[PDB]
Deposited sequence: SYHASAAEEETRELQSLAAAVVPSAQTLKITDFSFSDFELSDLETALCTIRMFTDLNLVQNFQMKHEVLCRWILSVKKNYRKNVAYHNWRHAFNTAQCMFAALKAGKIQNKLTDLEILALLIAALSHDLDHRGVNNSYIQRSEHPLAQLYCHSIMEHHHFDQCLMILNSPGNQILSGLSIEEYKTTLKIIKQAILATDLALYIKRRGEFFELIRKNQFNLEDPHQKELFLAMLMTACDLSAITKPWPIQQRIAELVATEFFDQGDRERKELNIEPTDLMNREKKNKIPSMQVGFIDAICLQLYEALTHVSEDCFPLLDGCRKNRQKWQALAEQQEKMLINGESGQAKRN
């Protein structure tokens, strides 16, 4: 309650002051409270606070409830990963101009899902406690926080808007299962290759939202080299130490997963090229170290 008091009373700096529009944004030098203020700015500059009548102390409490339900003792899948995932979603909407292709309810759901897509994660090698089981658990935690007293940032929505938002949130979180991405990316690419891609189709739009969440989920692979080098160390720490081969594994992950995804994202909106460009540069540096 003492952390909510300093957060709710603080001033929220501009988006340019917080550097949350750059695709190269990094959270390393930031406090936990500074990331919470950046998250408020993302809700603010997307007009989500205005268009849905969010009261300030409820958004502060919800943002705080979300970051506490991430586990500090997990190297990568923690609050900083969720905060960075939502930041790239903000950058892809603003700097990538994707914001105009979507509705307010879709933007509202994408930001909430990005912050919540990995809630209560305990590490990739600590999944024994238990068709995307983890993603279903992540949404259960997201819905529980959304319904917690004092944290209902969606109270200003009609019952019609509330369920449309809830179903987009659930599909966006489930899309972060790479298994689902692998089974659906083939369709996504095959319509890009024919210029048949049409976002007015509801099946098309849901597929694009699914690929967009994967793009920001793995957006650490697109960061500048000193940043990606450190994040890859965090990933390797969680997959090894339960809390060195890395260059080879980053190149394979870039070849099999990320390259085509960011290639397809730039075809949809050319201004998200810095994501594809940054991922190519990281593949170049990881490959050079793979050759010793």
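Note: segments 1 to 10, 141 to 151, 265 to 284, 334 to 349 of the deposited sequence have no C-alpha coordinates in the structure.
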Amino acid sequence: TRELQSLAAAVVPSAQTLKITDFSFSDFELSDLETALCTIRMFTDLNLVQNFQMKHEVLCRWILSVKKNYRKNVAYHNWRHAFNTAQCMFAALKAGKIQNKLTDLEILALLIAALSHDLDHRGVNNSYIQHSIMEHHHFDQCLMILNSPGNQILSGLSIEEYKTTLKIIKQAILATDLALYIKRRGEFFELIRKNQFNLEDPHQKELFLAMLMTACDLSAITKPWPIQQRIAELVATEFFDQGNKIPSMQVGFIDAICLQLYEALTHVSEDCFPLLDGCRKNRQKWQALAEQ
From here on, numbers count along this sequence of modelled residues.
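The term rigid core refers to the maximal set of C-alpha atoms that superpose within 1.5 Å between the two forms.
Averaged as a root mean square over residues and superposed structures in 8 other deposited structures of this protein, CA distances to the shown form are larger in 70 to 78; the pair compared was 70 to 78 and 146 to 154 with a core fit.
Taking the root mean square of CA deviations in 8 other deposited structures of this protein after fitting on the rigid core, 133 to 141 and 216 to 224 differ, and the farther of the two is 133 to 141. Modelled in this chain, residue 197 is likewise resolved in all the other entries of the protein that span it on both sides, not missing from even a third of them. Of the other compared PDB entries of this protein that include residues on both sides, at least a third leave residue 128 without atoms.
When the mean C-alpha temperature factors of 103 to 111 and 198 to 206 are read from the deposited coordinates, 198 to 206 comes out higher. Per the PDB record, of the two stretches 189 to 197 and 210 to 218, 189 to 197 carries the greater mean B-factor over its C-alpha atoms. The PDB entry assigns the greatest CA B-factor among 24, 282, 14, 269 to 269.
The entry assigns its greatest Cα B factor, within the set 176, 141, 78, 127, to 127. In this PDB entry, residue 88 carries a Cα temperature factor that places it within the lowest third of its chain's modelled residues. Residue 73 sits in the highest third of its chain by CA B factor, as recorded in the PDB entry. When the CA B factors of the chain's modelled residues are split into thirds, the value for residue 41 lands in the lowest one. Among the modelled residues of its chain, residue 230 has a C-alpha B-factor that falls in the lowest third, as given in the PDB entry.
Sorting the modelled residues of the chain by their CA temperature factor places residue 248 in the highest third.
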